[PDB]
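Labels run A, B, C, D, E and F following the written order; every chain starts at residue 1.
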Amino acid sequence: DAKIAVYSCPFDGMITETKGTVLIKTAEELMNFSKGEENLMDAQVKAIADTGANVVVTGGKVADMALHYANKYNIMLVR
Amino acid sequence: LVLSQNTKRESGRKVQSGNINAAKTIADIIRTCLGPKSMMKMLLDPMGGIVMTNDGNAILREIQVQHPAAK
Amino acid sequence: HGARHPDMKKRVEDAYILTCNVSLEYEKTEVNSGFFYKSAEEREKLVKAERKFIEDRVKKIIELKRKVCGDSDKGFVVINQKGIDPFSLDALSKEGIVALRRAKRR
Amino acid sequence: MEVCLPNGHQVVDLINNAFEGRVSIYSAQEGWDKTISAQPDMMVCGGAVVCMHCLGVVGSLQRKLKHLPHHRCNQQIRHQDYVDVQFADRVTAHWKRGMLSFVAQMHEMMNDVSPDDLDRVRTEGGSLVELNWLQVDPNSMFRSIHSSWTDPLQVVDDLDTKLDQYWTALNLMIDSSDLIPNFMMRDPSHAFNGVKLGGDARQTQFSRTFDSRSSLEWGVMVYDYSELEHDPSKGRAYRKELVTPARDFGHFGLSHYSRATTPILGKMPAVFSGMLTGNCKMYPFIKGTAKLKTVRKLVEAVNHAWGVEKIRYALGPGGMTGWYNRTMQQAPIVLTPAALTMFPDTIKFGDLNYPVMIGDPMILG
Amino acid sequence: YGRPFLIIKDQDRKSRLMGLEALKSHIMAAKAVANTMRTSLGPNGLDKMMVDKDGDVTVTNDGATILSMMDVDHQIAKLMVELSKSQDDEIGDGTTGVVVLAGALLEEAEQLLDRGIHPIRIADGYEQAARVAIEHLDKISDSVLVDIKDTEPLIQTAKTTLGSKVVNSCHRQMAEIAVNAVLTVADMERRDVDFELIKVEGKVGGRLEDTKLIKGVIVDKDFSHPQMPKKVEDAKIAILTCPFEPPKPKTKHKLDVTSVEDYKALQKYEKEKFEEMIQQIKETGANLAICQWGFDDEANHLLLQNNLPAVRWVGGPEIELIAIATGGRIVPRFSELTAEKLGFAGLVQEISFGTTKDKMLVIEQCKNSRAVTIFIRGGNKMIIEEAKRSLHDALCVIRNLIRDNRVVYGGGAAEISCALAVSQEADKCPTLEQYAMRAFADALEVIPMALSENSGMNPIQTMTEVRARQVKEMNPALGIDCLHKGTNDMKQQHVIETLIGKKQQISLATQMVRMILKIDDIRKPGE
Amino acid sequence: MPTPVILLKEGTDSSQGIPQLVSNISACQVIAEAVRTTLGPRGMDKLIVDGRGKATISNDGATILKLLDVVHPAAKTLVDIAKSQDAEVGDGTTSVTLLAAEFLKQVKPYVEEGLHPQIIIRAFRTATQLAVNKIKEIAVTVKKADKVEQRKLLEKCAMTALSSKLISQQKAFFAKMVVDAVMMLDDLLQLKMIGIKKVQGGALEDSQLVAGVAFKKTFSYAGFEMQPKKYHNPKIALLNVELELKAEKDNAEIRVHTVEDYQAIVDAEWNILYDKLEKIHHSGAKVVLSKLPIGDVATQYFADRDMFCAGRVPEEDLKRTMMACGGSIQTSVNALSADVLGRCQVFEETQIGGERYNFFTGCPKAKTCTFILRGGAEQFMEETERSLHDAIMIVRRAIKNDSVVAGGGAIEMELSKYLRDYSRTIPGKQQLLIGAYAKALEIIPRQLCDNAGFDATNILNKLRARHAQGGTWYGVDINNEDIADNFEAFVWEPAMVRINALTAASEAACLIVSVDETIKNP
């Protein structure tokens, strides 16, 4: 029973086409940002897995942690 | 390098067609030249003069060709 | 030219027509407007905000369509002289809306 | 293994290659593909490959390396000592691509002309194509800071081939129809000093180079031919006699004279080689001595990364410093595409008859 | 029918040589390389001088270097070139004759070809002959496993390995130089040793005898500040990476100063930071500091202001050589450094080694140190360069000896017994491999002939006697009286060599010549 | 000045018919002669050097053909076949060509007669069709039998596969290696798994197969020598994420007023990798491997903390490694767990040929090994690999199919006799084609005896005669220079190899036969 995931979307944090670069003003944002940067990607891919999707497809760019997460979730990928 | 070193060869239907084409050319350049209603043709010699005659032979007599069957 | 989506209806019995030229492709405003954020959460919040303008644009039509084509039988078609966002295309797609982009000015 | 510094010659090409955006760079993240920016681990200079952390020549082009090879690396090089050259090439790379895309639009719009309008303009004069400068490479670093120089390189194959094609084709359409570009200049030295900048053209601060200290996002600059365009005493006949390129450059199909642009992208005029040179090759109008300063930190880097006998070993007498100063005198030869020295000298119409403005690149009869 | 046709582009300039004519052609080429190298072997051998494309020169006896410098055009030659390169980094010298082994074998191999004999069997027998050689060789092999702390088997072996090199002037010293060097840095628990732990350092000038290994590390750097005192007795050492400047977070970072007090505090901080780390190191109790990167001229003086000399712009590998030799650590931070991480040594002193030059820095560490350097002085740059490679190579064989503590007296005795050992089998060979046997055996014979010819004696009058004694006697310890000493007991003459050296050597050679025999046809593109 | 209109572009060449067709037949015959000597236990190998000057030796003709940049078109088809068969089964690609040309060779005299090609290939398809099934009939399995270790035949297959390539005297050595090596490959069965290390120098008989993974690769970092190089029962850290202070992290400008805030920032910069390292040290691994570079500073910590680390690792060997110890490559240091942790019996790192290698194996649960290929010739390395790979892929097919046949040309002679008798069955024009079909068929031993320099005819006359009744697997012996049961002599080949060989050859000529003219465009 194959659960196929199809995305013209590339497998990366949805890059806003206009330039949002992180700017910080205090320290902890450094700690927080990349951690959450990881954290929500896990939440993104989990939300996918919550639906039981076992294979994901795209031609677009794949984020390494994202596939790292998919591998953590026993998921299949297309490129 | 084998046979005669820049001597071409040809064979078969292409050849036979070529002769036919060359043949067909030969007649038509003259097909108008016969009859009491014929035409009369004027020619450019190699050596400056002018010849006008209906008799095809002289017309052909003044013809330089490369195709052999034409010759 | 034709629709840019497979789910797009090839044929419609009764057509209600949208003639327009304003882009429903994304656009970013004419002024240099450099933004940042500090959170990747904002990054996604910045994702949704950017789309929202076109989101309303298409939203105005769909309500109108739904204000217009409350009946199921009627089919709704759109024509743009400029191009159309795929997300907008999807927006119409879920509503089964025929739309066309990039028409010659005449 | 032990490694040696590259010779000055290997540097010169890498310099020369850099201002053509064609430097081969090796990175752990991306390998040798520079589409996606990464910190350089190996680069090609001349025929050789060098470790960017020790600046010892770690290989050769023929050797077709797949990796930064293991060697006794001083690791004494920081990124900052060479990032400036890393800056110019990627900026060059982005610039040519934008320059590539722009000409195609004019060429596209040139060919989308119906015969009658060209027939009408050829006889009557008037605007034929006006490409909205708001459309000019709107996502690159020379138009908006939503981009950056680090941004992934727009993937374009046969870039020089297509650049050669579209320039030559576009010029022939102008050459055959003697049309009037508002984006061309008889001597790009004028673009920086001597021309009038009109209205909104005036903010321009010309760096004349590709460096991080420049603010390289800048407006698309073209000449203001509005006075010519709407002038009855400068109507169709007068412009044919004076304004069209072939008056000053010679006929595009029959001239070696380079054809240069207004500062379309990054406030940098382009230098297109003449058709009779065999190709229409594009260059930014940048002096070689400004090219050389891109390495001045690295020269110092070697000064404190390498021993003198090692430096003298690879650079010869004088080491890099005398080389650098010597190369500075030889930059007009060694860092100079000839096309930047092949512009016409007998000038009839020129560049100083109309101000440069910020506006739409356009062509009229 | 008959008419021209294209199979490969440039078919005109695709030349092609096939079969025996090609075979011998390669043999002809091979002999040239052999004859190129014959003179390069042995204490009486004479070494070659290469000229670089950029006009530089190099005189050397290491054939690997010779070929590495050699620019041939024949492809098989390059195979020989890399072949030696493969042997050298595998073992070392012996390369003095490695190729010479191959071609003479090939030279005689053609003799079999001249007998029409098919290469495949010729490939076959020689390999069998090769296996024959080694199992004979290691049987008659001596060992230095049986030896006590190996002080002067190695010295002899080093003495042996250096008699082929021009550095033989005082080679006894250098023999000692290496053996101390290797034993210090060796892992007997491992049977290996990394050559990185060895720092070769040769600066021109002085005599060859002025070459001196340094139980420590030498720095091609002077003092960070000229007023800092040249000598330092105590060696409380600081090893630093973070250059002595304001730290700058390498993510794109910048401050946006607005008001007066904004300026002042940073201006205030600007000096305040320097005092901090100046305090920081001072509190560590170190005596000397060293930095990989830059200094600020200000804090440099301030660092001089507290009698704590430091070193700036220190190359990577050496710093750890400093660290390990001191046993010291590498800290990237001021705060996180503590006295425990500090290096200690016996002595550090800069040396004005040049009469007219800038200077060098040496660290005469006095505790145990797994890294070490050798300092070479001498009269010519190339002479330095010859020494380095020669010295470099001598290290390997002792390393090679570390891997295997069983050796054989060199001087040509070893293989001599083998061909005899080979020959004895050749009678119980049976057929045509029988011819193959004596062929390779006859092939093997050349090396002593190379020696005695380079000895200027009658090669054959020598070995013929040499065999018969090793025929009459069973002692495989009679080589060539290379230095004209009436004793053939090379064991007493102490001319010795590791088992592997020859063992890999000929075994290497066999496989190559196998391929050499293996090919028949070549299609060369026209240049 | 009128001119006749040309048909196509000037110089658009055409040549049609018999003379056109035969030219390729000669051209194909030209091809084989460059490969004629090649295959055989006493066969041959070639060296070809590019116009670049990089020489290349080869014994596999397909490799040689790939070097042999053909300009004739029909020949390229031959070249293509090699790739297919090489992509299928390997050496005998050598043979594959010879069958192809020889079939064309004997057909050419009948091509002399203006025979419709469609007749010709019709028999070929049939002749091929019957042959395969007859081959299928005489296929040999062993799992039914008693005296086979499921590996013994594979060992037999390789020696047979091996006893032509450059290490032919070390087949009995390598055979065990690869058979043991292929044995660990279960069950993905792709070749990318096992690494090959063209380690320079050393005797090829010293070339090593390690029941694990190692690297020819490393790179100088600061303390990279300083940390211990022995790890007796280590726990394995495998990182893809780089380790350096935001060397290549997100593009980000920052704005900060208070100097101390700026103070705090760089600390926070360092606080990251310290936190990362804290994850790493607290993880319990001692060896850290990464495709990305490693910050020198962390290496000091690993070196200070008696853990090993490594950066710039190839992605490939990382996958091999993670596959080997079963550990999992990671990008998030926080989401770490010991489950993703490799463990090996031991870790080490060794010099070989001057080169800095890194050792770790003994992991009992690893479907991947690696090949240390000692060898003093640069040219040996790739060529052996070509041998090494070729051995691997075929025996994988051997594991794939319990189908073997004897070698030494016996099959082909066995085939020819069978068809030859079958030729009597069929009357008419086809019979000669069958007769020729069998006639070209026996080429294979003939090449052998040539490459052995033997009186193949007398052998062949002995061969066919003894192959009338006396036994199927009689065939050429090189050393005895005559007939022998090569099967009991363990000259054993997977059937599919020749099965595929003839099939591709059949279509080869069939494609070849199907051409009447050529058209050239500049």
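In this section, a residue touches a chain if its C-beta (ideal position, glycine included) is under 8 Å from a C-beta of that chain, and two chains touch if they have at least 3 such contacts.
Visitor: If I drop chain C from the contact graph, what connected components are left?
Guide: One piece, even once chain C is excluded.
Visitor: Take the average of all CA coordinates in chain B, do the same for chain E, and state the distance between these two points in whole angstrom.
Guide: About 85 Å separates the centre of chain B from that of chain E.
Visitor: Centre to centre, by mean C-alpha position, how many angstrom separate chain A and chain D?
Guide: 38
Visitor: I'd like to verify one number: the distance from the centre of chain C to the centre of chain F, where each centre is the average of its C-alpha atoms, in whole angstrom.
Guide: A distance of 54 Å separates the two centres.
Visitor: Mind pulling the residue numbers of chain C that touch at least two other chains?
Guide: Chain C, residues with two or more chain partners: 28, 34, 36.
Visitor: Mind pulling the residue numbers of chain E that touch at least two other chains?
Guide: 3, 196, 250, 316-317
Visitor: What are the residues of chain F that contact at least two other chains?
Guide: 19, 220, 222, 247, 249, 251-256, 265, 269, 296, 356
Visitor: Please categorise the chain-chain contact pattern as a line, ring, star, complete graph or other.
Guide: Topology of touching chains reads as other, fitting no named class.
Visitor: What chain pairs are in touch here?
Guide: Pairs flagged as touching, ordered by label: A-C, A-D, A-F, B-E, C-D, D-E, D-F, E-F.
Visitor: Flag every residue of chain C that touches chain A in the complex, lowest number first.
Guide: On the chain C side, the touching residues are 26, 28, 34-44, 46-47, 50, 86.
Visitor: Within their complex, state which residues of chain D touch chain F.
Guide: 28-29, 38-39, 41, 62, 67-68, 70-73, 75, 148, 150
Visitor: So in the complex, which bits of chain A are touching chain F?
Guide: It comes out as residues 21-28, 30-31, 33-35, 37-38, 42, 64-65, 68, 71-72.
Visitor: Which chain D residues qualify as touching chain E in the complex?
Guide: 54, 72-76, 78-79, 304-305, 307
Visitor: Give the list of chain F residues in touch with chain E in this complex.
Guide: The contact residues of chain F facing chain E are 19, 22-23, 27, 30-31, 34, 37, 42, 44-51, 55, 57, 59, 68-72, 75, 166, 169, 200-205, 220, 222-223, 225-226, 230, 245-247, 249, 251-257, 259, 262, 265-266, 269-270, 296-297, 300, 304, 350-351, 353-356, 375-380, 452-453.
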